[PDB]
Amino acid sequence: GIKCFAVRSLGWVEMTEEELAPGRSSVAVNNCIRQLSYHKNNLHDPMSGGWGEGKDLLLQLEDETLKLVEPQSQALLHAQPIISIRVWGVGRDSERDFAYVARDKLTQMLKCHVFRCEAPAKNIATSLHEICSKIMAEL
């Protein structure tokens, strides 16, 4: 009914449409994950909705929505409809890095968000897949 994973935000990278083309998306996502894996930006971002880089978060799946939730406060920081997630993936290399791509509602920018997960990052991909499929099923 609800799926809830402890994760840390690693930030985002801006993507182009050309990068999200079939045949190109899995290289693009692996690159973003590799790029952010050992990166750090210590700048506090006033405009990051409290779910930006380096934040401990609950990544939750409920009601066809991916939710980012403040763990101490339980505040809903971010709600992403699963239906408009363009792309998602899991770190390929030497795993617990999860990524998804969606358009930012306010800026119209395509962004790849990466999270370091406490669980196998494939548990998140697999849960999202079950929900995507149920949504496709109703076609």
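Numbering starts at 1 and follows the sequence shown.
Unmodelled residues of the deposited sequence between neighbouring positions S94 and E95 number 1 to 3. When the two stretches 11-19 and 127-135 are set side by side, the higher mean Cα temperature factor goes to 127-135. When the mean C-alpha temperature factors of 76-84 and 27-35 are read from the deposited coordinates, 76-84 comes out higher. Annotation for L61, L68, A102, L106: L106 ranks highest, by Cα B-factor. In the deposited entry, the Cα temperature factor of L110 sits in the middle third of values across the chain's modelled residues.
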